[PDB]
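Structure first, then comments.
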Amino acid sequence: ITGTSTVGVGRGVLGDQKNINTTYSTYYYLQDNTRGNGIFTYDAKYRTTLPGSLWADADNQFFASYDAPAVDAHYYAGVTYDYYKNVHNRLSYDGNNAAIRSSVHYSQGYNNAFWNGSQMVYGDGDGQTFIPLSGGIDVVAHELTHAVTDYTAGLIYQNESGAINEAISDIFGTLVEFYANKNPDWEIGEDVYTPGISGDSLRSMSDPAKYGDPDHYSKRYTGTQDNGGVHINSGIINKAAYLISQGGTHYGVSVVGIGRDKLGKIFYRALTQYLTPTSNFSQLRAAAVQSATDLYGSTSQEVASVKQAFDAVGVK
Ligand SMILES: CC(C)C[C@H](NP(=O)(O)CNC(=O)OCc1ccccc1)C(=O)N[C@@H](C)C(=O)O
Ligand SMILES: [Ca+2]
Ligand SMILES: [Ca+2]
Ligand SMILES: [Ca+2]
Ligand SMILES: [Ca+2]
Ligand SMILES: [Zn+2]
């Protein structure tokens, strides 16, 4: 909408106060004009028609319980935009400052979030498996990263290419969580998963097997559930990424860590310059090795560590 840029204040899902960029024209709208061609947050009103209504508020204060998922979807989309722009020189998900749209309060008791081809969508959860999913910065960044993937490598959402697609979203979700630097970890969704259980998460990158996901190619799932295991087999690539950054010895194979920033550079380059819609895990290894070679040189520690990490998870 046409209006003037304003700054509202509210509380997110976890009870924390933050400022948000809004637009005033009669109402205050969740429309942040400070980033690209805008970040827009919508109310789906517990229904499944999308996007729903651009979020309108009378007073620019967003402290109601109903407001909290919108505050966080809006704010964390901003953080994710900033990460891609500042760290990777990428302007929004399409590289040309496409408007970023999110809807919250999608459906009833909805234990998921997704990119629908055009926008992000967040359930409220059922209060048992999830609370409103936009409360997780890693979740928001995971979702926006699906848009980045779709505009770049285009990894098909099934089997190995789909597990790479998933791991890319977990990797960048985590790197955005570290970028914001509030309780960062290598777990996925911990801030919004199972409010009645402390210390767990939906997935772990550092130890995927903790939540039943494979950490070695020999343990890959090859059945048909979950689009051929895209959220399961992602553990193999998540573990490799974790090892590249943090190091470790895994099934006897030692990896020298090179840190998060270099992990991100290597994988961003792989995603945008080498991966294709049909890439498999072996092809990801080759893309990561080539990306590290481009950035750091063939004889570098960075290249050596990429190879060690893929060796450690059984991907040649
Ligand atoms: C980071 C978490 C909290 C959310 C994350 N959601 P996601 O974006 O991977 C869900 N994916 C999804 O709905 O894909 C199906 C789809 C939906 C619309 C268009 C095309 C394909 C996830 O791991 N979801 C798990 C629970 C799952 O779907 O198994
Ligand atoms: Ca208000
Ligand atoms: Ca965390
Ligand atoms: Ca996390
Ligand atoms: Ca929990
Ligand atoms: Zn995903």
Side-chain angles (χ1 to χ4, degrees), residues 3 6-32 41-43 45 53-76 79-80 83 104-105 113 122 125 129-146 166-195 197-208 210-211 213 231 234-235 237-239 241-242 245-246 260 263-264:
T6 46
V7 177
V9 62
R11 271 202 292 265
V13 173
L14 284 56
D16 55 321
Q17 185 172 305
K18 59 203 77 185
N19 296 334
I20 40 176
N21 297 114
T22 59
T23 297
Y24 177 75
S25 183
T26 306
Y27 286 95
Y28 298 88
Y29 293 90
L30 296 181
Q31 174 180 320
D32 173 3
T41 302
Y42 296 77
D43 190 1
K45 313 181 181 181
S53 307
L54 186 65
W55 194 288
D57 185 88
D59 67 1
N60 218 17
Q61 315 302 302
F62 299 82
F63 293 92
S65 307
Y66 193 81
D67 301 337
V71 168
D72 280 344
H74 197 65
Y75 183 92
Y76 293 142
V79 178
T80 304
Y83 171 82
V104 300
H105 297 301
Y122 300 93
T129 294
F130 284 105
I131 65 178
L133 284 85
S134 59
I137 184 167
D138 53 4
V139 177
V140 170
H142 177 113
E143 305 313 332
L144 193 47
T145 296
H146 279 306
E166 271 303 307
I168 288 288
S169 279
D170 286 345
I171 291 162
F172 292 105
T174 289
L175 294 176
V176 171
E177 182 174 309
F178 273 94
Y179 177 77
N181 200 29
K182 297 179 165 68
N183 297 318
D185 51 54
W186 294 87
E187 305 291 291
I188 304 298
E190 71 285 343
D191 289 336
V192 293
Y193 189 66
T194 58
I197 302 171
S198 64
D200 68 343
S201 60
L202 177 67
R203 291 178 291 274
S204 173
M205 302 181 68
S206 58
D207 182 13
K210 199 179 189 186
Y211 301 117
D213 298 322
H231 298 92
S234 57
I237 305 309
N238 284 346
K239 181 76 193 192
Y242 172 80
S245 180
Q246 302 304 110
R260 288 177 312 264
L263 172 69

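FYI, side chains are in, hydrogens and waters are out, and symmetry mates aren't considered; it's all heavy atoms of this structure. Along the sequence shown, the residues carry numbers beginning at 1. Order of listing sets the numbers, starting from 1, for every ligand and every atom in it.
Under the 4.0 Å criterion applied to side-chain N and carboxylate O atoms, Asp72 and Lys18 are assigned as salt-bridge partners.
Proximity of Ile137 to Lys182: side-chain heavy atoms (C-beta onward) are nowhere separated by under 4.5 Å.
The aromatic rings of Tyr24 and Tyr28 sit tilted, their planes meeting at an angle between 30° and 60°.
Take the Ca ion (ligand 2) and draw a sphere of radius 3.0 Å; the protein N/O/S atoms inside it number 4.
Between the side chain of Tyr76 and the main chain of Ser134, no donor-acceptor pair closer than 3.5 Å is present. A distance-only check finds a donor-acceptor pair linking the side chain of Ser234 to the backbone of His231 [under 3.5 Å].
Of the residues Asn60, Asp32, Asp57, the one that meets the side-chain hydrogen bond (donor to acceptor under 3.5 Å, both in side chains) test with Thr22 is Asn60.
Listing protein N, O or S atoms at distances below 3.0 Å from the Ca ion (ligand 3), with waters left out, gives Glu177 OE2, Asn183 O, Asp185 OD2, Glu190 OE2.
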Could you list the donor-acceptor pairs under 3.5 angstrom formed by side chains in residues 171-181, with sequence neighbours left out?
from: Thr174; atom 1: OG1; to: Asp170; atom 2: O; distance (Å): 3.1
from: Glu177; atom 1: OE2; to: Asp185; atom 2: N; distance (Å): 3.1
from: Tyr179; atom 1: OH; to: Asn86; atom 2: ND2; distance (Å): 3.0

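For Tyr42, the side-chain hydrogen bond (donor to acceptor under 3.5 Å, both in side chains) partners two or more places apart in sequence, or in a different chain, are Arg101.
Remark: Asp213 CG to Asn238 CG distance equals 8.5 Å, nearest 0.5 Å.
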